[PDB]
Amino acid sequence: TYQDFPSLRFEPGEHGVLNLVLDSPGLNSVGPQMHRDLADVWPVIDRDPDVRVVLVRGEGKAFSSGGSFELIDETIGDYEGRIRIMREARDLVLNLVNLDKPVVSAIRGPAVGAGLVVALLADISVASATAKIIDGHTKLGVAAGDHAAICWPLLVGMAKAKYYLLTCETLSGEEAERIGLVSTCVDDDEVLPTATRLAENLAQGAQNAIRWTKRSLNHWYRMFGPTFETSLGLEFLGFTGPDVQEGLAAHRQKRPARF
C-alpha cells in the first residue's frame, strides 16, 4: 500500500490505528525524499480501508528538527527543485486539511518547521511539557510560509501567533498548551501512551461522526487557504534572497545569524 513512500515508517497498531514514524538523521530532519513523501502520503491513507486513525510521531525523543540542510540547499540552488519543493509544501498542508481520517500527534523534544506542520495540523496534538516548538522561518531568513498562516491565529490568537512567529522564541509544550497551540500536555514519558489511548478511542468510535466533525471544522482552515498560499509564495521568493544564505550558514555553524 505504502511502497511509494520509502522514507516513512508505517507500523500497524490496534483497531485500525496506523503508526506513522518520522525516523531520519539530525533528530528526524525532513530532507528532500521525506518532504515529498509527507506531502503525498495523506490521500493514500484516506483511501486505505484498513486505516481508521493515524498516530504520527518522531523516532526517539524528537518529533522533528525541521527541514534538513540538504532540503534548504536544494531549494536555494535550483529553480526546478525549488518549485517542486514548493508544490510539496503546499500539498502537505492542503492534503492534511483535506484528510477526513483523524490524525493524533505525539510530540516529544524538538518540533520545528517542516515537521512541525504535521505536529500542529494533527487533529489532536499531545505535547511533552518539555517539547521545544519553533516555527523557525524568520530565524532562517524566510517568511513563515509552510503552515502557520493557515492556522496559528485560530489556535493561539493573533498576539501570541505574531510573538512566536516573528521572534522564533522557543515555545515549551507546557506553554503551547497554555496558549492553545496544542490540544493537551503531559510529561514526556506519558506522551506516546496518552496519544495511543486517544488514537485507539477514536479508532473504536463512530467513524463517520468523527470524520465529518473534523472535516466540518477544517472548513475554517480552508477559508484561509489563499492566505496560506500567499505566505508560501513569499517564503519561496525568500530562497533566492541574501538573508537565507546567512541564516542557513548560521544554523550550520552553530552561531547567531548576522543579517
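The numbering used is simple: start at 1 and walk along the sequence shown.
- Higher mean CA temperature factor, per the PDB entry, when comparing 162-170 with 143-151: 162-170.
- The question of which stretch, 183-191 or 117-125, has the higher mean Cα B factor is settled in favour of 183-191.
- Residue set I76, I85, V112, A106: peak C-alpha B-factor at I76 (per PDB entry).
- When the Cα B-factors of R197, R57, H219, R211 are read from the PDB record, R197 comes out highest.
- In this PDB entry, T227 carries a Cα temperature factor that places it within the lowest third of its chain's modelled residues.
- Split the chain's modelled residues into thirds by C-alpha temperature factor. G31 is in the middle one.
- For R52, the recorded CA temperature factor ranks within the middle third of the chain's modelled residues.
- Sort the chain's modelled residues by C-alpha temperature factor and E177 lands in the lowest third, per the entry.
- When the CA B factors of the chain's modelled residues are split into thirds, the value for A39 lands in the highest one.
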